[PDB]
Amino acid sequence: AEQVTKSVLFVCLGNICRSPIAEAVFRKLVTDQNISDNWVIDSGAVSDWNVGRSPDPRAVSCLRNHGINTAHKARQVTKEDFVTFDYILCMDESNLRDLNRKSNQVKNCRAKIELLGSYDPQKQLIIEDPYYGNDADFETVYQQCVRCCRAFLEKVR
């Protein structure tokens, strides 16, 4: 079992509710497919407001309900991210304009930046901020994440 190494960065505004869920769903898929060793995975924020913070408690419990754990600490997206990751997947059109803006300040930008929801077989393009929502909204984000992450993986696998 030998291949090449792929990397993906999951991105949200704060890296406290959405991307940590995406990122953790993503590792599980990869681990379950016995391909971890070929993947570098990470999650980051457009904003610095919450760096160093743990994931929101409702995101932790949501993942737990699904047999998944995370140990992530929020971090900000940097310019190196644009040259180090194959893919940068974000949650919403805002994250998307924000990143295209930064990447510009990047000379040899080698990351492909897209909406994770662009991979959704159900077509729900956007992954909504569940911050002000309830446990049900966390769950629906998880759900989207699984759909989108399996769809992305079968294609870059």
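Residues carry their position along the shown sequence, with the first being 1.
Q: I need to verify one thing: averaged over C-alpha atoms only, is the B-factor higher for 54-62 or for 128-136?
A: The entry gives the higher C-alpha B-factor average to 128-136.
Q: With reference to the PDB entry, specify whether the mean Cα temperature factor is higher for 65-73 or for 86-94.
A: Comparing averages over the C-alpha atoms only gives 65-73.
Q: Among the candidates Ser36, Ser118, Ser43, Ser103, give the one with the maximum CA B-factor reported in the record.
A: The listed residue with the largest C-alpha B-factor is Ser103.
Q: Grab the CA temperature factor for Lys6 from the record and place it in the lowest, middle or highest third of its chain.
A: CA B-factor rank for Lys6: lowest third.
Q: Compare the C-alpha B factor of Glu114 with those of the other modelled residues in its chain, then answer lowest, middle or highest third.
A: CA B-factor rank for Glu114: lowest third.
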